[PDB]
Amino acid sequence: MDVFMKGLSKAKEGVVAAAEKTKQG
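Counting from 1, one number per residue, gives the positions in the sequence shown under the deposited numbering.
Okay, structure coming up:
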């Protein structure tokens, strides 16, 4: 499940990226 965790975390970074970009514009 390590890979799955990395996959989720990788997606999270993108959602965070979106969250920051959206909350800053």
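C-beta: ideal position from N, C-alpha, C; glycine also.
CA-to-CA distance, residue j to residue i, given in whole angstroms
i	j	result
residue 18	residue 8	15 Å
residue 4	residue 25	31 Å
Simplified DSSP state of residue i, which is helix, strand or coil
i	result
residue 5	helix
residue 25	coil
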